[PDB]
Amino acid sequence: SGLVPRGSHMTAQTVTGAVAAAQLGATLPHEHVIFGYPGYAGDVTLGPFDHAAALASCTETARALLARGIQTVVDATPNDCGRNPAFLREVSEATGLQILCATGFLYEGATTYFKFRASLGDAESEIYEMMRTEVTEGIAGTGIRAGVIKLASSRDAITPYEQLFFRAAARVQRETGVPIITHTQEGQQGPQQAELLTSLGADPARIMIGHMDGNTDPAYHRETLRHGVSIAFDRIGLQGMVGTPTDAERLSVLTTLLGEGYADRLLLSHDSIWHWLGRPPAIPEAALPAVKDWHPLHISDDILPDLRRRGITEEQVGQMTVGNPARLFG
């Protein structure tokens, strides 16, 4: 036990169907099989999607993950960032790797559709309708259901526009028990997000505040944790990428939190992109070190062994990688 999920639950849904909490295994709570920044579709002429090569590439990464003992990936790709459940299902059915997809949108400057629905009507209820339908019935008539709601906020505040999504999410959460994972911008708003969602009636045991590794002051992480929610160092491997701290700094914070007993509330991920949508990313020369360990095998090969040699126990490692994911999503 400890802090178990409240009332209203629905068996964890993956792109290939419902899976039991115990079948989840080691999990990466925040990754992107395919991803495109909003607008990517507008570059379809020179940046078309090569299905054959994306499939070949993604299943390969999937296989490398299974070999590491990772049995599940939570794909956090927002509805406006290329989210494609049917494709994810292909990858999963081809490899056996389990994948949960999300429902939600990126922050304010991403797109403009709902900012517009909001000027003309009740956008909260429209977002609520969409989230609930995708979480209980499916996405785009495919029958594939989202297994997490994804929320995002800006750096300086959770804007009134962003809050429409947080309330729609809170509602669906209370009604269905579906988990909620978030994006925080540049290490800010973690506590505000936690305060808001719990105040809205969302179960702190089904809430994971993301990109918390974006902040290096542990007092900041401790304040979020006070709310009873889990937090994720989900961008491990992306170092100094205009903003992000280094892994050295992330681990310093993690080991402090771990030695303070917060293991039941810490999750680990990379926030990697296996295949980019649109025109392949032009990576400058100086950016190389920053993205060097920014691939999904980094935690399994570098992070988990580094934590262990630091005194973190095998049980603490299993709690973060298997224990937490099973309660959060299962």
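Residue positions are given as counts along the sequence shown, with the first one as 1.
Trainee: Out of 104 to 112 and 134 to 142, which stretch has the higher average CA B-factor listed in the record?
Mentor: Per the PDB entry, the higher value belongs to 104 to 112.
Trainee: Out of 231 to 239 and 119 to 127, which stretch has the higher average CA B-factor listed in the record?
Mentor: Higher mean C-alpha B-factor in the PDB entry: 119 to 127.
Trainee: From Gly278, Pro305, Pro296, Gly261, which pick has the Cα B-factor that tops the rest in the entry?
Mentor: Out of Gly278, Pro305, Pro296, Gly261, the record gives the largest C-alpha B-factor to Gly278.
Trainee: Based on what the PDB entry reports, which of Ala64, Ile283, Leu267, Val44 has the top C-alpha B-factor?
Mentor: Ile283 has the highest C-alpha B-factor of those listed.
Trainee: How does the C-alpha B factor of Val4 compare with the rest of the chain: lowest, middle or highest third?
Mentor: Highest third, going by the recorded CA B-factors of the chain.
Trainee: Could you look up the Cα B-factor of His30 in the entry and say which third of the chain it sits in: lowest, middle or highest?
Mentor: Within its chain, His30 is a lowest-third residue by C-alpha B-factor, going by the deposited values.
Trainee: Which third, lowest, middle or highest, does the CA B-factor of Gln319 fall in along this chain?
Mentor: For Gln319, whose C-alpha B-factor we compare with every modelled residue in the chain, the answer is the middle third.
Trainee: Would you mind checking where the Cα B-factor of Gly201 ranks among the modelled residues of its chain, as the lowest, middle or highest third?
Mentor: For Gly201, the deposited C-alpha B-factor lands in the middle third.
Trainee: Just say lowest, middle or highest third for the CA B-factor of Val74 relative to the other modelled residues in its chain.
Mentor: Answer is lowest: the recorded C-alpha B-factor places it there.
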